[PDB]
Amino acid sequence: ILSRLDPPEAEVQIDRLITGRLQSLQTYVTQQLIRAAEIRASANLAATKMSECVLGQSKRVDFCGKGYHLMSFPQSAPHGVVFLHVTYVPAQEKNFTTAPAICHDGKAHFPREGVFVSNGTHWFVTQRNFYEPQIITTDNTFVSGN
Amino acid sequence: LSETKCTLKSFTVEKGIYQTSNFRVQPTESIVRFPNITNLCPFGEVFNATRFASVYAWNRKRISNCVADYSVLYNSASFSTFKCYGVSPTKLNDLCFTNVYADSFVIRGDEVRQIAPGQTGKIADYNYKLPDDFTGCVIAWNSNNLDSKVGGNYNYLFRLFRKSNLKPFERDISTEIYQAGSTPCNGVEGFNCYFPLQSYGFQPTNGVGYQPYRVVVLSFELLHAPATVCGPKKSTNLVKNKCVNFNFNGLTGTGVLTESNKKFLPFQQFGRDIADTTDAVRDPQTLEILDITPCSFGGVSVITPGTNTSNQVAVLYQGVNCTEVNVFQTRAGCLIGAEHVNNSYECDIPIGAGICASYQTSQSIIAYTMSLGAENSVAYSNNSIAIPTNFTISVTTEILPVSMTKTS
Amino acid sequence: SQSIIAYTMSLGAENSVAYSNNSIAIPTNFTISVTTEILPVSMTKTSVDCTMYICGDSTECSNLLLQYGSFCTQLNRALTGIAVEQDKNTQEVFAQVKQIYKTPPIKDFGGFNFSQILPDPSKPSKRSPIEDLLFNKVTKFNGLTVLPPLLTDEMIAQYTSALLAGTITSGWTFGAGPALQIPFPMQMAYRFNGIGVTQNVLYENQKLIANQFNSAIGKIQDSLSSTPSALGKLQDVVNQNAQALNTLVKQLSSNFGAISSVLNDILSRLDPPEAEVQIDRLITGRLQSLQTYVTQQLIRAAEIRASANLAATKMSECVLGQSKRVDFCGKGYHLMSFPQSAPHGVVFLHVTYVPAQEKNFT
Amino acid sequence: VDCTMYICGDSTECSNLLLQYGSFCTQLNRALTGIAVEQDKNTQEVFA
Amino acid sequence: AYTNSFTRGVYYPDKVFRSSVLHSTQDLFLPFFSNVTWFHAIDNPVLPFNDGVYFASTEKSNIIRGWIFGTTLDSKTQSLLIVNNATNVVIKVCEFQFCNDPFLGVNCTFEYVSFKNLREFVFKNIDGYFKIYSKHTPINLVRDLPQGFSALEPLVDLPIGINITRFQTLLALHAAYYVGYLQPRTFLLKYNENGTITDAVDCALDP
C-alpha cells in the first residue's frame, strides 16, 4: 500500500485490504475478553480456598482435600499457587455385637457420649472413632423413662 | 498416520485421537430422467407464425404432436448473458422453465432503448390483467433475413413521451384513465395549448428499431400432486438404490431415488420438504412418487498411541454404515483395525458410546466395554457395628492458575 | 361475568410478636417434610464443516476461497474445546465414587419402606418408578453433525444406585474411608443428636416417625406426577439450541447484498469470469454469519460450566455428609439427601425437620 | 433499541432494500429482551 | 352494510406439497373475517375489475348458461368468450360488429375446442396464463353463505393475455357474485397431515 500504483484505480483497492484487516483484531479482542472472564472466576475460587483452608480449620466435607482435614501449607509458582493438605484416615477395623440401651433396676440408661459394645462376656462404652473399653458407670450415663 | 503428522506440524505425535479430514461419498454418475410427453412441438411453428390472426379475435389452437429436425436451430451454444443477481452459481442449466412473453413493434426509431412499462397504445397500455409477476432472466433476440422485411410491422407500439403521464403497465384492456390534466383544449388551440401532432420524421437515418418481429406462446402450469408434465429429453432408465446425480423436472442434485407412500391428488408440478429442500419427486412415465435421499459423508478421525515406540495406527469412520464403504461395526460408526474381546477394563483412550481402546499385548489396538470398578457388599444386620483401631496420615497436592500476561 | 382487571401490589399478610422482658416460647411437637429441586448438568455436542458449507462444493469457489485464511480451521478448534468440556463436566460430577456397592436381599429397615426409590430389577432398564416418570415426562445434513456422548444412562443409573446403596448402608463413613456397617435407627439417632436434640426422643417416637416419612414419600411422587411445569429449566435449554440450529440453516436462504439467495444460477449459462463482485460479497456475508453463532455457543457453554460446578458442590456437600449451612440443602433443618438421575440433569431429594406447636412460659 | 428505524431513518426505499439480508435484528431484540427479563429475576430473588 | 364472508376466499397461491406444517405468505387476497362486502347497492351489481375480483355465482338450474366477459368493446383488442363443455374451451369473441347481448325469444353463438352445487371462481391472470379456480359444495341456508371452511383450487393457466373488467352475461338462442377486490395481505395457513388446507388466520384483523 506504499509505493507502487496509481490513485484513481488503487483507492478502490486499498479499501478492501484495510477493511479485511480489522475483523482479525475484533475476533482477537473478543477471545481475550472471554478468557479473562473465566480466569477471574478461577482466581476467586482460589482465594476462597486459601481463606477457608489456611487461616483456620474447615468442617465442609471434601473441601480442603480428601478425608479429615488437619492443616495446610501454601507454595508459590509462576502464574499459579500450590497447596499442601494434611489428612487423617483410619485403617484397621473389627466388630462385635451391640445394643441400644441398658435396663437396670427397672430404669433405662443411655450413654452420655459413645456407644455400648459387648465382647461376648462383658459390656463397655467406647467413643466412635477409636477403640478403648471403659467400665460402664453412672458418671457417663443419664437416666430417663422406664 | 502421516496425515496426522502433517496436520499437527510436528514430527512427534502423542497418545490420543485426532481429526484429519472429512470423507465424502464421491458422486459416481449423472442421470437425466424426465417425464415423457413424447412430443416437442412449440418451438418452430409457435415462435414465428406466418399469418397473425387479429388480437381482437384471437383463435387459440392446441399446437402439439409434431416432430421435425429442430436440433439444427438450437444446436449452437452462443448463449452468453446470465446476469440476474443474488443466486449462487451451481445448478441452473437443467431447468425446464415456465413463463416467457415479449412484444413485437414499430417503436418510433428515435427511442430504441425504451422498451419498458409505462406507455400507451392498444398493446402497451391496456390488453391484459398483469400482476407484478417477474420470474426469469430476460430473453430477446433479432431476426431479419429468415422472417421479416426491413421497414416494420405497424401493429403494436410503445413509447416514452406523451402529452401527459402514460398508463403504466396496468396493461388492462379496459379504458380506465390515469388522470394528470387540469384544463381541456378540446382539440383546438389558444392560450397555452400545444400542437397535438409532432414531426419526428420517417427517416432511414434515425434508429433502426422500427422493425418487425413476433413473440411466442407457451403453456406450462404450477400444480400440487401427481400430474405427468415436464420433460423434453430422451431419458435413460432410472437407476434405483444408487447414489448418482439426478435431474428431474428442472432441478438437479445428487442422491438416491426410492419408493414413497404419500397419497395425493393428481394435479402436480413439484414437491418439497420442510427445510426448503426437495423431499420427493414424481414418476416420469407413471403416476408414482419417488423420494430423494442425500448421499453420505462424514469426518475421519485417527486413533493411535504415542509414536515414541509403536508405529501401528488405526482409522475410524463416524456415522457411516460399514457396508457402504478387520472390520467392526459400532453404534458410533465403523471401526477398522481393532480386535473385539470378551473382557472389561477401565478407559485408556476415549472413543464414544462407552467404548475405549488401548495398546495391549502381539501388541495391537483392541476395543472393549466400560468397567466402572470392583464390586463390594457389606453384611448388614440389626445388631452389628464396626469400629476402627489404627490410623494413618496422608498428604495431597493441588494446583490453580492465577493470572497471565498483558499486551497492547 | 369475568374481565381483566388491574390492582396494586401487596407484599403479604401482617404479623405481630408479643415482646416482654420475662416471656419465652418453646415448641412441643414436630414434623417431617420433603422438598425437591432440579439442576442442569450438560449440553448437546455439534460440529460443522466450514469449506463445504460456504462453497457448496464448487472448485471455482474453493480456488479463490483459500486466498483469505485459516479462520474456519481455528473455528474447528474453538468448537472442539466445548466438545471436550461437556464430557469433562459430565465425568467429573458423577465420578466421585471408587467402588460399587449393592443392596442386601432382605429389606428389614425398622418399618422404613424404600420401595419408591430403590431400583426395580424386573424392568428392562433397572430404574426406580420415579425415574420412569421422569423419563416419560421428558420429551438436514449440510455438514452439521451430532456426536453421541461418551457415557450413557445405563451406567448413570448404576452410579446413582451405587451411591444410594452405599449411603443407606454406611452413612458418611464411606465418604472418607472404608465402609462400616451400622444400624439405621442408630444412624438416625446420630443425626438427631447432631441437630441438637437428645436421642431418647427418637427412640420414644419411632413408630410415628416411620409413618410420617412413609406418608411423605408417597405424597411427593403424586405431587410430581400431577404438576408438569417443574421441568421448564430442562426444557428451555434444549429448545434454545434447537431454534438456533434452524435459524442458522434458514440463514442460507438469504439474498445478502445481491438480489436473491439460492445456490444454482451463475456458472453454467454465463461466460466464466463474469461474477466476481457477486460471489465475493456473497461468500463474505455467508462467512460473517458463522462467528455470531460460535460466540453464542461459547457464552452458553461458559454459563453451563458454572451451573455444573454449583451442582457438583451441592451434591458433594449435602449427600456425603450433614450440612450446618442454613438454607443450603433445602429449607428448614437438614437431615438426609437422596439423588436421582435425569436426562441432562439431576434431581435431589431433601429431608427436613420442622417444629409444630407452641406454648407460652415465663 | 429498534433496528429498523435506527438503521433506515423511516425511508421506504431503505426499508425494502434491507430485506435482502435477513432478520438478524429480530434475534438482536430477542437477546436484549432476554437480559432485560433476567434483571428482574435477580432483583426479586435476592429480596424475596 | 358489510357482512362477513367468514372463512370464504382461501386458495392455494402456489402449488408445492407440504404435510403437517404451518406456512405463511403475502399475496393479494380478500380480507379475512373482516368488513366483507355485503353488497349495499340495495343483489346483482356490475363493476370493473381493477387488480382482482372474487366471484361466487348463485346458479342452480343453469338459468344463465354462458358467461360473457367484455372489457371495453373498443373493437380493437379482444373479448375472450370461454364457455366450457367440461371437455373444451371456446376461444372466440362474437365481435365482427354484430350486437353483443342477445335475448331469449320464446349475438353469435358458435363453439370451439381447447344449494347442493356451489360454483365459486377466482379470475386471476398471470403474465398470459389465466388462473381459474373452482369448487363444489352443498349448503342448506337458502338466503346467504354459511360459516363453514373450505379450500379453493385453480384449474388452468391458458397463456394468451386478455383483461376482464366491465362485463355482463346472459343466454343465447334456442346473481350475488360478490365483487371482492383483491388486496395485498399477509396470511398464515394450516396444512393437515394429508396436504389439505384446514385452517387459516388473518394477521391484521385484531391484536
# chains A, B, ... in the order shown; residues from 1 in each chain; ligands from 1

$ interface_residues --of "chain C" --to "chain A" --cutoff "8 Å" --atoms "only C-alpha atoms" --output "MDAnalysis selection string"
chainID C and resid 175:178 186 200 302 316:317 320:321 323

$ select_by_dssp --residues "chain A" --states "strand (DSSP E or B)" --output "PyMOL selection string"
chain A and resi 68-77+80-99+102-104+107-111+115-118+123-126+134-135+141-143

$ residues_around --residues "residue 110 (chain C)" --least-positions-apart "5" --cutoff "10 Å" --atoms "only C-alpha atoms" --output "list in words"
residues 382 of chain B; 183, 184, 185, 206, 207 and 210 of chain C

$ write_last_selection --atoms "N, CA and C atoms" --output "JSON list (two decimals), in the first residue's frame"
[["chain", "number", "residue", "atom", "x", "y", "z"],
["B", 382, "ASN", "N", -29.27, -56.09, 62.20],
["B", 382, "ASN", "CA", -29.89, -55.17, 63.14],
["B", 382, "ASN", "C", -29.07, -54.95, 64.40],
["C", 183, "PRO", "N", -26.50, -49.89, 62.23],
["C", 183, "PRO", "CA", -27.96, -49.95, 62.14],
["C", 183, "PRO", "C", -28.57, -48.61, 61.77],
["C", 184, "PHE", "N", -29.64, -48.67, 60.98],
["C", 184, "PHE", "CA", -30.31, -47.46, 60.52],
["C", 184, "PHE", "C", -30.88, -46.61, 61.65],
["C", 185, "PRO", "N", -31.60, -47.15, 62.63],
["C", 185, "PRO", "CA", -32.03, -46.29, 63.74],
["C", 185, "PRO", "C", -30.86, -45.70, 64.51],
["C", 206, "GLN", "N", -40.51, -43.76, 67.38],
["C", 206, "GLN", "CA", -40.08, -44.40, 66.14],
["C", 206, "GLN", "C", -41.26, -44.73, 65.25],
["C", 207, "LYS", "N", -42.34, -45.25, 65.83],
["C", 207, "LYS", "CA", -43.50, -45.64, 65.03],
["C", 207, "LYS", "C", -44.12, -44.45, 64.33],
["C", 210, "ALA", "N", -41.74, -43.16, 61.46],
["C", 210, "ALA", "CA", -41.78, -44.00, 60.27],
["C", 210, "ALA", "C", -43.04, -43.74, 59.46]]

$ residues_around --residues "residue 77 (chain C)" --least-positions-apart "6" --cutoff "12 Å" --atoms "only C-alpha atoms" --output "list in words"
residues 18 and 19 of chain B; 47, 48, 49, 70, 71, 83, 84 and 294 of chain C

$ write_last_selection --atoms "N, CA, C and O atoms" --output "compact mmCIF listing (two decimals), in the first residue's frame"
# COMPACT_ATOMS: atom_id res chain seq x y z
N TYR B 18 -7.20 -37.81 16.99
CA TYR B 18 -7.25 -36.54 16.30
C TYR B 18 -8.03 -36.69 15.00
O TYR B 18 -8.23 -37.79 14.49
N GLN B 19 -8.47 -35.55 14.48
CA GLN B 19 -9.24 -35.48 13.25
C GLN B 19 -8.37 -34.94 12.12
O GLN B 19 -7.58 -34.01 12.34
N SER C 47 -21.01 -30.25 15.47
CA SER C 47 -19.83 -29.91 14.68
C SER C 47 -20.29 -29.44 13.31
O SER C 47 -21.39 -29.76 12.86
N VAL C 48 -19.42 -28.68 12.64
CA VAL C 48 -19.74 -28.06 11.36
C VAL C 48 -18.50 -28.04 10.49
O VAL C 48 -17.40 -27.75 10.97
N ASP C 49 -18.67 -28.34 9.21
CA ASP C 49 -17.61 -28.22 8.21
C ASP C 49 -17.70 -26.85 7.56
O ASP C 49 -18.78 -26.44 7.11
N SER C 70 -7.17 -19.14 7.42
CA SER C 70 -7.43 -20.38 8.14
C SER C 70 -8.40 -20.17 9.31
O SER C 70 -8.39 -20.90 10.31
N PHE C 71 -9.25 -19.15 9.17
CA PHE C 71 -10.17 -18.80 10.24
C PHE C 71 -11.11 -19.94 10.57
O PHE C 71 -11.35 -20.24 11.74
N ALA C 83 -16.64 -29.21 22.89
CA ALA C 83 -16.93 -30.63 22.78
C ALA C 83 -16.25 -31.42 23.89
O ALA C 83 -16.86 -32.32 24.49
N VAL C 84 -14.99 -31.10 24.18
CA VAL C 84 -14.29 -31.78 25.27
C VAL C 84 -14.85 -31.36 26.63
O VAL C 84 -15.04 -32.19 27.52
N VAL C 294 -21.09 -19.03 16.76
CA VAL C 294 -20.00 -19.56 17.57
C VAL C 294 -19.92 -18.84 18.91
O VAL C 294 -19.76 -19.46 19.96

$ atom_distance --atom1 "CA of residue 161 (chain C)" --atom2 "CA of residue 343 (chain B)"
23.2 Å

$ closest_atom_pairs --of "chain B" --to "chain E" --cutoff "7 Å" --atoms "only C-alpha atoms" --output "Markdown table"
| residue | atom | partner | partner_atom | distance |
| --- | --- | --- | --- | --- |
| B:55 | CA | E:77 | CA | 5.8 |
| B:56 | CA | E:78 | CA | 3.6 |
| B:57 | CA | E:78 | CA | 5.9 |
| B:58 | CA | E:92 | CA | 6.5 |
| B:59 | CA | E:91 | CA | 5.5 |
| B:60 | CA | E:91 | CA | 5.9 |
| B:62 | CA | E:114 | CA | 6.7 |
| B:122 | CA | E:77 | CA | 6.5 |
| B:127 | CA | E:162 | CA | 5.4 |
| B:128 | CA | E:163 | CA | 4.0 |
| B:129 | CA | E:163 | CA | 4.5 |
| B:130 | CA | E:127 | CA | 5.6 |
| B:131 | CA | E:126 | CA | 6.3 |
| B:133 | CA | E:127 | CA | 6.6 |
| B:172 | CA | E:163 | CA | 5.3 |
| B:173 | CA | E:163 | CA | 5.4 |
| B:174 | CA | E:72 | CA | 5.0 |
| B:175 | CA | E:72 | CA | 6.2 |
| B:217 | CA | E:159 | CA | 6.6 |
| B:218 | CA | E:159 | CA | 6.6 |
| B:219 | CA | E:159 | CA | 6.0 |
| B:221 | CA | E:157 | CA | 6.2 |
| B:222 | CA | E:15 | CA | 6.0 |
| B:223 | CA | E:15 | CA | 4.8 |
| B:224 | CA | E:15 | CA | 4.7 |
| B:225 | CA | E:17 | CA | 6.9 |
| B:270 | CA | E:16 | CA | 5.8 |
| B:271 | CA | E:17 | CA | 5.0 |
| B:272 | CA | E:17 | CA | 6.2 |
| B:273 | CA | E:18 | CA | 6.8 |

$ residues_around --residues "residue 2 (chain B)" --least-positions-apart "3" --cutoff "12 Å" --atoms "only C-alpha atoms" --output "list in words"
residues 5, 6, 7, 8, 9, 10, 11, 12, 13, 20, 302, 304, 307, 311, 312 and 313 of chain B

$ atom_distance --atom1 "CA of residue 357 (chain B)" --atom2 "CA of residue 370 (chain B)"
10.2 Å

$ interface_residues --of "chain C" --to "chain D" --cutoff "9 Å" --atoms "only C-alpha atoms" --output "PyMOL selection string"
chain C and resi 251+253-261+285

$ residues_around --residues "region 70-81 of chain A" --least-positions-apart "4" --cutoff "10 Å" --atoms "only C-alpha atoms" --output "count of residues only"
26

$ atom_distance --atom1 "CA of residue 38 (chain E)" --atom2 "CA of residue 4 (chain E)"
7.4 Å

$ select_by_dssp --residues "chain A" --states "helix (DSSP H, G or I)" --output "PyMOL selection string"
chain A and resi 7-20+23-53+138-140
